[PDB]
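> Need the 3D shape of this:
(4 chains, ligands or ions: 4)
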Amino acid sequence: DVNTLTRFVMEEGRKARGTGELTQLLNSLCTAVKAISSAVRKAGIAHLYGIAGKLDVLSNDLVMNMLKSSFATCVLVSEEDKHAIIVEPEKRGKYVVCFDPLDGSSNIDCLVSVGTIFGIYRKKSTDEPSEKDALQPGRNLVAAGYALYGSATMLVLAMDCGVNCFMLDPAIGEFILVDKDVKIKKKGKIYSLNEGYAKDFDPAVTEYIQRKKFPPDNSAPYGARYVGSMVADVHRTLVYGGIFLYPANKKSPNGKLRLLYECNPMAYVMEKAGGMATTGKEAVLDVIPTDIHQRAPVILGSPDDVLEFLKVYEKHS
Amino acid sequence: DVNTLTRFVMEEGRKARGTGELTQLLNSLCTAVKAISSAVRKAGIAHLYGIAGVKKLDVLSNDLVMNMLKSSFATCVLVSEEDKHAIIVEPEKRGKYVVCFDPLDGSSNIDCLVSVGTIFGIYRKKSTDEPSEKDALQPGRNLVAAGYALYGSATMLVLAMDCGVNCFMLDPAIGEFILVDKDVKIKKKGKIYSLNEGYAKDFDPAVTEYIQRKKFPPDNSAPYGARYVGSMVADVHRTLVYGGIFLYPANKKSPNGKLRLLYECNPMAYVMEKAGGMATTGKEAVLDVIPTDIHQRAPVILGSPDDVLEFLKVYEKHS
Amino acid sequence: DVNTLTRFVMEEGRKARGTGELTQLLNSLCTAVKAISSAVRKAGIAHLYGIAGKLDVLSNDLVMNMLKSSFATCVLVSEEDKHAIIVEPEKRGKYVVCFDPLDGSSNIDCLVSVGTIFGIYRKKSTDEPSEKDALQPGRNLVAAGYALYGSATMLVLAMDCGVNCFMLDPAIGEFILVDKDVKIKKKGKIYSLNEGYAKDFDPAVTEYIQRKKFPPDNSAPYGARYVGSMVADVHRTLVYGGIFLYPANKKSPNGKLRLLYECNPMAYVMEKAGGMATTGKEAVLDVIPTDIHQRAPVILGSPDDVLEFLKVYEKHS
Amino acid sequence: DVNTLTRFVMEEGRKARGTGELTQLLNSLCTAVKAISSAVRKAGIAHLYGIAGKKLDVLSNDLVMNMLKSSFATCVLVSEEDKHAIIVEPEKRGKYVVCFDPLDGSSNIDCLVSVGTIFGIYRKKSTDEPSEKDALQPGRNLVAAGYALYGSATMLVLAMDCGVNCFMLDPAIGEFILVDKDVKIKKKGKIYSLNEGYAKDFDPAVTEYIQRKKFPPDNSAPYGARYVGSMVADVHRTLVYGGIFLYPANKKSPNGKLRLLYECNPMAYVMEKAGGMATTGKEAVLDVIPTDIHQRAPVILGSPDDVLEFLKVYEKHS
Ligand SMILES: O=C(Nc1cc(Br)ccn1)NS(=O)(=O)c1ccc(Cl)cc1
Ligand SMILES: O=C(Nc1cc(Br)ccn1)NS(=O)(=O)c1ccc(Cl)cc1
Ligand SMILES: O=C(Nc1cc(Br)ccn1)NS(=O)(=O)c1ccc(Cl)cc1
Ligand SMILES: O=C(Nc1cc(Br)ccn1)NS(=O)(=O)c1ccc(Cl)cc1
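Numbering: from 1, shown residues only, chains lettered A, B, ... in the order given. Ligands and ions are numbered 1, 2, ... in the order given. The coordinates are given below.
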């Protein structure tokens, strides 16, 4: 039997006997993602070049507007916005959403894969909604996932019931369920990080990468892949296994990726898929944020691979 | 004035006062590329999953390119990554061109939605003999046209001819390649290097030294950033657009490299050269290698000329 | 604020505090309509003509499979199938659906507008589902409407809250609400029927049509339009006002159009729009069917026009 | 073997050993039609209705105008949308005159009736500076003509010396696929098409002819009637299924209603190349010598037996 994202989400919502607010949220997000996909694939660019005589801004506007008009949210955090957006009282629902509307867009000029990252929290207090409502550990996530605009467009959705992958069929504008209850390989064969920063590496990262190229147990050296677009690199890690690292460097003593709308959602996707996500010192999802745009280092992926990194990290204390 | 691929090729062809065969070939290829793009983006996948109650993407791509080229009446010999022997076009449909292509490069990892691409190189049949596989045994220096389609965040066709390199964005709303970047040139020196560093234990000593110099610059310059998608079209395009260097060099386990000369290396070398870049095997220009086997491999280092020259300096230093 | 079909239906469902089965039904139906639209616009026809070296059956299969897989239906009546389709027990829900999956398809060779017509009933008895659960008068309809595959694709959805029109944006595959709570003109200026068969007209039809062409007073004659596709002619009647006739005659004393999946859905839409729909002797929606494929005469459209027709009809009765 | 619009046209041009200007014009027209189809099907309408927080006939006109100018193949353009002939700037002048209706039937698009684009292509005949007069040629002089129908699917119908060919737009890939080669219309059909709402104004010849279709004097089967009210849709059905299409003069339109330059002549040319007929009653449409770019004509067109039958009645009434 075929299944779509909205039908899948409605069935789960009707099972849980919820109010329907989360379903409305996820449906609105789905609409926004289809619109972002259409723009990313350059539908209508001929009009820009004069047939009849931006992108990260448009993406942000699409997610902002669809989430506001969902009547399901009260606080919105975007990579694109300096302060938290507070929804007007008339359109408020109970959820907080942190999102990166077009991750990797800085390199979109070379048509690299790009993506949308989102994480959903329930507002916990009876206080007036404020920026601090988004300062929750990733453990509190109700849902998270990403849309990858790669060779094809796919939405990966993680909830308590696990991780599910939906392929956007552009012929009919429907997300089709193609991978149910996804789990990541226990051990991979690919490591993913920017080795251009080798001079700035923590000794623990240096040692670990050396182990990937020169295995101590006579196994084959790992392959290296680094797209430089987080959603693309993390998705490949989910599908084929292995390990993704964005550790600290000289420019980024707290890492470079953003905790709320980059690290936490992927960490949630990884953990719900049987993977792991760590800063080195603790689980990503256990970090308690104090600033909506704060950075965190992240090592994530297949559990054996992450544990091997953490084994190395602890050796260097 | 807006400009499209087919219109651009027609005007350049009318300038050259050619017979129109090359225009017909390229327009047929453009149709195949649009069809490959549609299938790659998974149009119609709902039917595969039972919405109404099947070929692999690289087989479909090959069939699409094969059929459109045969029916263009502009070709006589077709070399595909997918086929052991060159395909000889039927006599009724023969034209004067030989085309070597990789119909869907990078498809082995397509399960993770990595960018993939189509690569092509176009030669004129040089001999008066009846067409045969030997007609594809030409150095890249003989290319008439070459280029690639990148199926990335958007679909783009990069086309190289004597007049230079031009980039066309596929507008999927209307099925037209729109000219968006004219007479494209690569940066003289870049800041990114691209190769699979996981196989470092097998590196040639010159490759080890150069990569070390990019990470630990001896002259107090900034270290280069690293990017490696692992799909040749994606890495080559990023190299073209942002500058830098792409390497799949020879090593101890692979003394001739891994990438294929006819339908991977030569077209990408041709594009680099028309854009002011460089492409070498280490020993010589990729376009100067004289192939002896249509599926032979060649090592390739390509990209910004300053970066490639710096690599050859290290390579010659280690003899 | 933008509004889509599934979001519209969800909010209406949350107001009614239903179980969500109807919402799942309508979302499933919407998915089928987008797929029918894509096929009707001939997406992928290049493959049929050899680029790499029926339509009403596909449409029927699309609606059938989406409705079965919704877990919302138990009996399905289709123009394409001799007998009622009984949903297997594991997939049974509470609704009965009557539909014409591709109406007007007999003339699709000329690319004439085509459409999908549907009517949704609540199963009334606890008996085992059977053909008899579809023998309900149109008065019992829960929802009805049609999809028009014309210059653009539009879904017209009629419920208790009135008639609403949704335009398919094929760039993103979303039905966008473009006309809310539509009402038909009290009186129109267009009559619609096949005048080529005038020799067999009932004398009342002959008189009424003559009055449209040769008005007894100083008014303008009505214009004539007859697409020959019921969905197209009925939609124009809804949009511009006027009257559409497929009446009974001596050779066809029960009309030609089918009650369950042509007349009743359109009659329901007309009545929710402030229009009228009659067989000549009674309202279409009051006919109690005895056969899932039974025919009915139908005259529908603007109320002043349908009443004027009934004046003439009663004169010859 | 598969064939596309551009490939078909190129092959015909290489056979004719022409300069390539007509191929370029037709390729430019094909692009504009695909863009018109996309807008007609409402791609991107969600943005108009606020998803992120031109009228179609104006847009259609801009698409055709801009694509034709930039083709470098035209010198004078007549559009239903423009009061005067548009003269191409000298740098972009080519040898062809094009008369077109960029979105015919758009007045009823609110009900999603099929709409279409109609075009007729002439070679500029005089050596004078390009002017509005270059479009005042009889349809007999047409080099190419046709239409795109935005119906259930989008189809481009193209008539040239080699006959009539029909290309279906595949929206998945944006390619017109040749699906019906060298099309001919049925010698006699079973459908007549006209707005009988003007029955009180009909000349006796039309009234009599229509009576014969409904009540045939030989007691054969009566014709069925179809009238979409969008000319491209009605003429296309007439081409595909045979029969007869009529728009005669009436009191509101004593010179007929349809436009000679960019409605009657192109359809007349397609009909004639398909083995059909197209008449004003008095003469062949293609023989009318126009004096005004927006002038109207009565038109009766379709299957040859059916139009000849109309003309017998017409002559009977003098
Ligand atoms: O959507 C609903 N309920 C619902 C939906 C329909 Br249709 C009809 C009746 N009820 N509840 S929810 O809280 O939004 C939720 C969504 C997803 C998940 Cl996994 C859990 C909870
Ligand atoms: O197509 C033509 N000529 C041509 C085309 C038309 Br339409 C009308 C008249 N002439 N010549 S060609 O040899 O194919 C060629 C194409 C591109 C380039 Cl860059 C060079 C050569
Ligand atoms: O969907 C629901 N309820 C619902 C939905 C959510 Br979300 C959360 C809670 N309840 N009810 S329904 O029976 O499907 C229905 C649909 C449309 C209409 Cl007009 C009436 C009834
Ligand atoms: O296009 C050409 N020639 C042409 C085309 C290519 Br490709 C390569 C070389 N020459 N000539 S044309 O005048 O445009 C024409 C088009 C269609 C028809 Cl039926 C007749 C005449």
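> State the distance spanning the first to the last residue of stretch A:146-156.
Between the opening and closing residues of stretch A:146-156 lies a distance of 5 Å (C-alpha to C-alpha, to the nearest Å).
> how about it, does it reach chain D?
No - residues of stretch A:146-156 are not located near chain D by C-beta under 8 Å from any C-beta of the partner chain, the shortest gap being 14.1 Å. Bear in mind the C-beta positions are built from the backbone N, C-alpha and C, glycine included.
> any bit of that stretch sitting next to chain C?
No - judged by C-beta under 8 Å from any C-beta, stretch A:146-156 stays clear of chain C, getting no closer than 11.2 Å.
> Show me which residues of chain A sit near ligand 3.
Within chain A, the positions adjacent to ligand 3 are A:19, A:20, A:23 by C-beta under 6 Å from any ligand atom.
> so which of those residues is the most crowded?
residue A:23 (26 neighbours; other C-beta atoms under 10 Å in any protein chain shown).
> Hmm, it is touching residue A:8, no?
No - judged on C-beta atoms under 8 Å, residue A:23 makes no contact with residue A:8 at a distance of 10.3 Å.
> can you give me the helices for chain A?
Listed in chain order, the helices of chain A (DSSP state H) span residues A:5-16, A:21-40, A:45-48, A:55-68, A:203-213, A:230-240, A:264-272, A:303-315.
> Ok, which of the ones you listed comes nearest residue C:257?
Each of the helices of chain A was checked against residue C:257 via C-beta to C-beta, and the shortest separation belongs to helix A:5-16, namely 32.3 Å.
> Who are the packing partners of the strand ranked longest in chain A?
The strand that spans the most residues within chain A, counting by DSSP state E, is strand A:92-103. In terms of contacts (3 or more C-beta pairs under 8 Å, 6 or more residues apart in numbering or on different chains; DSSP states H and E), strand A:92-103 is packed against helix A:21-40, helix A:55-68, strand A:73-78, strand A:114-122.
> quick one, what contacts the residue of chain A most remote from its centre?
Computed with C-alpha atoms, centre = their mean, the residue of chain A farthest from its C-alpha average is residue A:53, at 39.4 Å. Residues counted as contacts of residue A:53 (C-beta atoms under 8 Å, 6 or more residues apart in numbering or on different chains) are D:62, D:65, D:66.
> So which of those residues is the closest to chain C?
Comparing the contacts of residue A:53 against chain C with C-beta to the nearest C-beta picks out residue D:62 as the nearest, at 18.5 Å.
> Against ligand 2, how distant is the closest one?
Computed with C-beta to the nearest ligand atom, to the nearest Å, the distance linking residue D:62 and ligand 2 is 25 Å.
> count of residues packed around the closest residue to residue A:205 other than its chain neighbours?
If you skip the residues right next to it in sequence, residue A:205 has residue A:247 as its closest partner in space, 4.9 Å away by C-beta to C-beta, 6 or more residues apart in numbering or on different chains. Neighbourhood size, residue A:247 [other C-beta under 10 Å]: 23.
> try residue A:15
The burial count assigned to residue A:15 is 9, neighbours taken as other C-beta under 10 Å.
> Would you agree residue A:275 is in contact with residue A:302?
Yes - judged on C-beta under 8 Å, residue A:275 makes contact with residue A:302 at a distance of 6.1 Å.
> what touches both of the two?
By the contact definition C-beta under 8 Å, 6+ apart, residue A:275 and residue A:302 are jointly contacted by A:184, A:237.
> which one of the helices and strands packed on strand A:92-103 lies closest to chain D?
Distances from chain D to each of these were compared using C-beta to the nearest C-beta; the minimum, 4.1 Å, belongs to helix A:55-68.
> what's next to the closest one, contact-wise?
When contacts are defined by C-beta under 8 Å, 6+ apart, helix A:55-68 is touched by residues A:25, A:28-29, A:31-32, A:35-36, A:39-40, A:73, A:76, A:78-81, A:85, A:87-88, A:91, A:97, A:99, A:101-102, A:105, A:108, A:116, A:118, C:2, D:50-53.
> Identify the residue of chain A closest to ligand 4, quick one.
When scored by C-beta to the nearest ligand atom, chain A has residue A:51 as its residue closest to ligand 4, at 21.9 Å.
> In contact with that residue, which residues?
Shown here is residue A:51, whose contacts under the criterion C-beta under 8 Å, 6+ apart are B:2, B:178, D:31, D:32, D:35, D:63, D:66, D:67.
> one more time with 6 Å, if that's ok
Taking C-beta atoms under 6 Å, 6 or more residues apart in numbering or on different chains, we find residue A:51 in contact with B:2, D:35.
> how about it, phi and psi?
For residue A:51, the backbone dihedrals are phi -60, psi -30 (criterion: degrees, to the nearest 10).
> Point me to the residue of chain A nearest ligand 1.
For chain A, C-beta to the nearest ligand atom, closest residue to ligand 1: residue A:18, 1.8 Å.
> quick one, what contacts residue A:184?
So residue A:184 contacts A:238, A:241, A:273, A:274, A:275, A:302 (C-beta under 6 Å, 6+ apart).
> about what we covered before: go through the residues of chain A next to ligand 3 and say which is closest to chain B.
Within the set of the residues of chain A next to ligand 3, residue A:23 lies nearest chain B; the separation is 21.2 Å, counting by C-beta to the nearest C-beta.
> The nearest residue to that closest one once chain neighbours are set aside: neighbour count?
On the basis of C-beta to C-beta, 6+ apart, the spatially nearest residue to residue A:23 that is not a chain neighbour turns out to be residue A:13, at 4.3 Å. Neighbouring residues of residue A:13 were enumerated by other C-beta under 10 Å; the total is 19.
> Surely residue A:13 is in contact with residue A:21?
No - counting by C-beta atoms under 6 Å, residue A:13 does not reach residue A:21; the two are 9.0 Å apart.
> who does residue A:97 bridge with?
Bridge pairing for residue A:97 (DSSP bridges) gives the partners residue A:76, residue A:120.
> no no, residue A:4
Beta-bridge partners for residue A:4, by DSSP bridges, are residue A:176.
> What is the neighbour count of it?
Residue crowding around residue A:4 was assessed by other C-beta under 10 Å; the count is 25.
> Tell me which residues are up against stretch A:251-265.
A:77, A:79, A:98-100, A:117, A:119, A:138, A:144, A:246, A:248, A:284, A:289, A:292-298.
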